[PDB]
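Protein sequences, first through last, are from chains A and B. Sequential numbering from 3264 applies to the first sequence in UniProt numbering. Sequential numbering from 3264 applies to the second sequence in UniProt numbering.
There are 2 protein chains.
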Amino acid sequence: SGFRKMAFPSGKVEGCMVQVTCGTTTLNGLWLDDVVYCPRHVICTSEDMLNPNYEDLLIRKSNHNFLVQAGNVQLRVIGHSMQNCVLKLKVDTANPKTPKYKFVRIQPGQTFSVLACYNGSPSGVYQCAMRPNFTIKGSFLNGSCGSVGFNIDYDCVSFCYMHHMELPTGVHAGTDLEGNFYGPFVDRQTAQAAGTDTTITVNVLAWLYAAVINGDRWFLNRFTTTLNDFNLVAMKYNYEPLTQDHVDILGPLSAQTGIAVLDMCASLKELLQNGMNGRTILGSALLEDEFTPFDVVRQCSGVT
Amino acid sequence: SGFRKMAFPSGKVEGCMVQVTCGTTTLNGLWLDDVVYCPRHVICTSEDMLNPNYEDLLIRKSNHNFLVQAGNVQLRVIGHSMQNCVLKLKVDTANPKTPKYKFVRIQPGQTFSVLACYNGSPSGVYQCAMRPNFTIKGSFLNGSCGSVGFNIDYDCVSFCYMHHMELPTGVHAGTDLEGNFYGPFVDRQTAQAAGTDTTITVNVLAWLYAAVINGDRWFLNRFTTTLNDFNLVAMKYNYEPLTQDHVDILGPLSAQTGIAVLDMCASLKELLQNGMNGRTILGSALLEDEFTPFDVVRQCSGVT
Ligand SMILES: Nc1cncc(NC(=O)Nc2cccc(Cl)c2)c1
Ligand SMILES: Nc1cncc(NC(=O)Nc2cccc(Cl)c2)c1
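As structure tokens, then:
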């Protein structure tokens, strides 16, 4: 019992973090095999950030200008290239601690763990979700760029995010491990405003199921609804529309609790329309949307 | 910017988790040097749990009855002893991955990270606080016993908790690494109810400071209060009394934000008396009390 915002154990990713310096700029890099991945903006001065021409700024950089340090030992850089918004630094030593890994590009609503790093050193780990507006609400300070987001499937680490920037609103933007930004964001110190941060409906429903499994049942009502009726209310409350795919994904949770997906939708509809009335669900006073249906199953079943 | 419920990177502790089996009972153990620590209730059948006489049950156990497995390799047990509610299993091999470590007994209000494990395998990491009633609100299933709580000071892991049980209320109880339970709890399947789960006032104030640092300032008011006046309101709302020691501990946060501790107390007093009015502070609709003043400083400064 109990339900917590839980991150994956970070050891496998801690073994991949290195420090990358280019001129006066120091940030984090991810060392997998003989390659170190990092944000390409490591080549910029805070002055270049206003309007950087990365191809041009890169011409003035050589392998010996990228200083890569793993622990207290320097790695030898034998090649460098730009792929989208990431730099790939070929080093002469394969990371001995390289876990089995994949590079995945996640969808909005997907959750992942972030290992916040500074100077190639891990400072903490927390759970995130890729917001429907393609931002993440992280906790990142100057120097945290190159910190990564990931999921673990037993012993295979799927890297899904690399931190690049903080928007003027304090929300965060980054890329997948091929250097493609999530959403419309660009690595430039310019006005970029995020779109509507809607609520991930399928995640809230998964979390309501977790609440029922853990004994918090007060919000369960005697109603049901339809996808169309529910979605009318969801739109009004800035919630993502729920599709039959989402209902299907919640099938296991529906089966384990005996609560039909549409009945849980009706409970959610009433929570939206009536509010919590000062009550809490799983110790929260707001509807949590950063647990996927897979996360709920994983936490309620004990997958290691 | 951003403020997240952040756990310490868990790699150092992942390297210490082993599986311990005694008869039909399998749980987790912590392998430090040539000793494996685990809950003594590993010697019980679910039948023994009603009224166990641990000294007596232990007489029927030999070193070869404790099966310790690290990864997929069995460790040889050459000694066993009971210290309070933990068993110490002397193995013939020092853990090669033993970090620098300490055993500390924390105070209520202190936070720590938990690496939830099953069968000696880590499944997730989350941040907790020792509640004023000496329970923790964790996320633990059957088989999670022996999972540990810890803090890290750069490279030294201070172990502060070992999981032993879930109360009939779904809250959790455990020991320090000397086997002494936090609070009045006993390792017996008997009625044990927890006391009042009061709010850790110094932690809420630290979190209000973190909110101001991160731009969430709406709740700041034009009032001040005194410790005595504030504490009258705190008592009414089941909040822990605030002492001059707590004010002192918040000094750094007060200095960094320019908000006197007693003025932040007055803001908190109004939040208690008026509620949030549907607003959020750091994306939460309730006052968070599981960040200590040290945690806020650490997260807002980037300590690795
Ligand atoms: N506090 C903080 C959190 N996360 C990242 C940073 N750095 C940051 O945003 N740097 C930067 C500025 C403009 C554009 C690009 Cl691509 C990068 C700072
Ligand atoms: N769900 C769950 C979470 N955490 C622990 C357990 N096991 C559990 O409480 N076992 C047990 C029962 C009575 C007394 C003692 Cl000392 C241990 C189960």
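Every residue gets a Cβ at the ideal spot worked out from N, C-alpha and C, and that includes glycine.
Quick check: the Cα distance between residue i and residue j, rounded to an integer number of angstroms?
| i | j | result |
| --- | --- | --- |
| A:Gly3274 | A:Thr3438 | 22 Å |
| A:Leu3495 | B:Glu3553 | 37 Å |
| A:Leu3352 | A:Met3312 | 21 Å |
| B:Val3524 | A:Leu3293 | 41 Å |
| B:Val3434 | B:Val3411 | 16 Å |
| A:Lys3363 | B:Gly3409 | 28 Å |
| A:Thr3459 | A:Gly3265 | 31 Å |
| B:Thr3555 | A:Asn3314 | 41 Å |
| B:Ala3457 | A:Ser3407 | 41 Å |
| B:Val3388 | B:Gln3452 | 27 Å |
| A:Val3467 | A:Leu3550 | 6 Å |
| B:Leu3330 | A:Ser3530 | 47 Å |
| B:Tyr3381 | B:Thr3284 | 12 Å |
| A:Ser3386 | A:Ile3415 | 19 Å |
| B:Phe3366 | B:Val3299 | 14 Å |
| A:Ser3402 | B:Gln3562 | 8 Å |
| B:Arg3303 | A:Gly3442 | 50 Å |
| A:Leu3490 | A:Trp3470 | 18 Å |
| B:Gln3507 | B:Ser3309 | 47 Å |
| A:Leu3505 | A:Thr3464 | 7 Å |
| B:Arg3485 | B:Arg3542 | 19 Å |
| B:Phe3493 | B:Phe3482 | 16 Å |
| A:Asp3297 | A:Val3276 | 15 Å |
| A:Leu3545 | B:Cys3528 | 27 Å |
| A:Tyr3445 | A:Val3559 | 25 Å |
| A:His3343 | A:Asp3355 | 12 Å |
| B:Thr3287 | A:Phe3557 | 30 Å |
Taking its Cβ as the centre, do 16 or more other Cβ atoms sit within 10 Å of residue i, making it buried, or is it exposed?
| i | result |
| --- | --- |
| A:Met3280 | buried |
| B:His3509 | buried |
| A:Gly3538 | exposed |
| B:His3327 | exposed |
| B:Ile3306 | buried |
| B:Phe3271 | buried |
| B:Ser3384 | buried |
| B:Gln3536 | exposed |
| A:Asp3479 | buried |
| residue 3230 of chain A | Outside the shown range of chain A, which is 3264 to 3567, sits residue 3230 of chain A, and nothing can be said about it. |
| A:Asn3358 | buried |
| A:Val3336 | exposed |
| A:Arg3267 | buried |
| A:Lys3532 | buried |
| B:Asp3450 | buried |
| A:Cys3301 | buried |
| A:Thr3432 | exposed |
Give the DSSP-derived three-state secondary structure of residue i in the structure shown.
| i | result |
| --- | --- |
| A:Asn3326 | helix |
| A:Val3434 | coil |
| B:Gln3452 | coil |
| B:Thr3464 | helix |
| B:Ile3306 | helix |
| A:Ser3384 | strand |
| B:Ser3564 | helix |
| B:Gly3514 | helix |
| B:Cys3348 | coil |
| B:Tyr3502 | strand |
| A:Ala3548 | coil |
| B:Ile3476 | helix |
| B:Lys3353 | strand |
| B:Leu3483 | coil |
| A:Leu3338 | strand |
Going by DSSP, name the residue or residues bridged to residue i.
| i | result |
| --- | --- |
| A:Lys3363 | A:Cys3419 |
| B:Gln3282 | B:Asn3291 and B:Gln3332 |
| A:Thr3374 | A:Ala3392 |
| B:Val3411 | B:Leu3378 and B:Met3425 |
| B:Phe3444 | B:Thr3438 |
| B:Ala3270 | A:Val3388 |
| residue 3593 of chain B | One cannot answer for residue 3593 of chain B here, as it falls past the ends of chain B, which runs 3264 to 3567. |
| A:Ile3399 | A:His3435 |
| A:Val3298 | A:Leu3295 and A:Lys3353 |
task = Inspect the CB distances between the segment 3421-3441 of chain A and the segment 3393-3412 of chain A and report whether three or more fall short of 8 Å.
result = yes
ask   = Does the segment 3318-3328 of chain B come close enough to the segment 3372-3387 of chain B to have 3 or more Cβ pairs within less than 8 Å?
value = no
query = Should the segment 3512-3520 of chain B be regarded as contacting the segment 3462-3475 of chain B, the criterion being three or more beta carbon pairs within less than 8 Å?
reply = yes
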